[PDB]
Amino acid sequence: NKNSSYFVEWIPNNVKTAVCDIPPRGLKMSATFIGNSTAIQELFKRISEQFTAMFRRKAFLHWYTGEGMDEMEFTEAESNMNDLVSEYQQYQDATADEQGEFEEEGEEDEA
Amino acid sequence: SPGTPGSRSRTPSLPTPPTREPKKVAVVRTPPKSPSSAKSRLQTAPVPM
């Protein structure tokens, strides 16, 4: 209620509750939270940022391809990370929309 | 796209969720089965002379 701006509005009522009868030892009550958020992208951005700045100069790259790692397999590991950030960003700032008769339909002409 | 010399970042961005699509969904389908009836009656007692 107080913070509806912090919850994905095309995932209505975003919570899964579980409740055990038994406390952790030495305290009469506690709780643990798990949190799936688009706000995590800033991890993967920075790692990718540090990775590309490293990789543009190939800094210490030789130790990985010394182990017979492939420098092309390593190149495309960036792409998965970039695709992952786009996986958050397609749901970032994204909105409810109307249902309707939203089919495309061309002109009354022979093609 | 033009840019800096050497290796450049490798970014896909194809959004997964379906767009607007033909599912209007809310249409009238099954009204309850309802017949009107006009009705009539005619009084029929004994009518001698």
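When the label point is put 7 Å from the Cα of A:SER4 along its Cα-to-beta-carbon vector, which residues of segment A:83-111 have a backbone N closer than 18 Å? Zone members listed by number: A:93-98. Simple spin-label estimate for A:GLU73 and B:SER1 gives 3.0 nm between the two label positions (7 Å along the Cα-to-Cβ direction from each Cα).
Ordered by the count of other Cβ atoms within 10 Å of each Cβ, fewest first, A:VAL85, B:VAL47, A:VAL8 give B:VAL47, A:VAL8, A:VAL85.
Stokes-Einstein at 37 °C, 0.692 mPa s, Kirkwood radius from Cα pairs: D for segment A:23-82 in µm² s⁻¹?
Details: Rh = 14.8 Å.
My calculation gives 221 µm²/s for D.
Here chain A is treated as a Stokes sphere of Kirkwood radius computed over C-alpha pairs; at 4 °C and 1.567 mPa s its diffusion coefficient rounds to 66 µm²/s. The Rg/Rh ratio for chain B is 1.78, where Rg is the radius of gyration of the alpha carbons and Rh is the Kirkwood radius. If I build a Gaussian network model for chain A, linking alpha-carbon pairs within less than 10 angstrom, which residue out of A:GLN41, A:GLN92, A:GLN50 has the largest mean-square fluctuation? So, out of A:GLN41, A:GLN92, A:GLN50, the one fluctuating most is A:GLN50.
Cβ coordinates were reconstructed from backbone atoms using ideal geometry, including for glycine residues, and neighbour counts include every protein chain displayed. Bear in mind these aren't lab numbers, they're just calculated from the coordinates by the rules spelled out.
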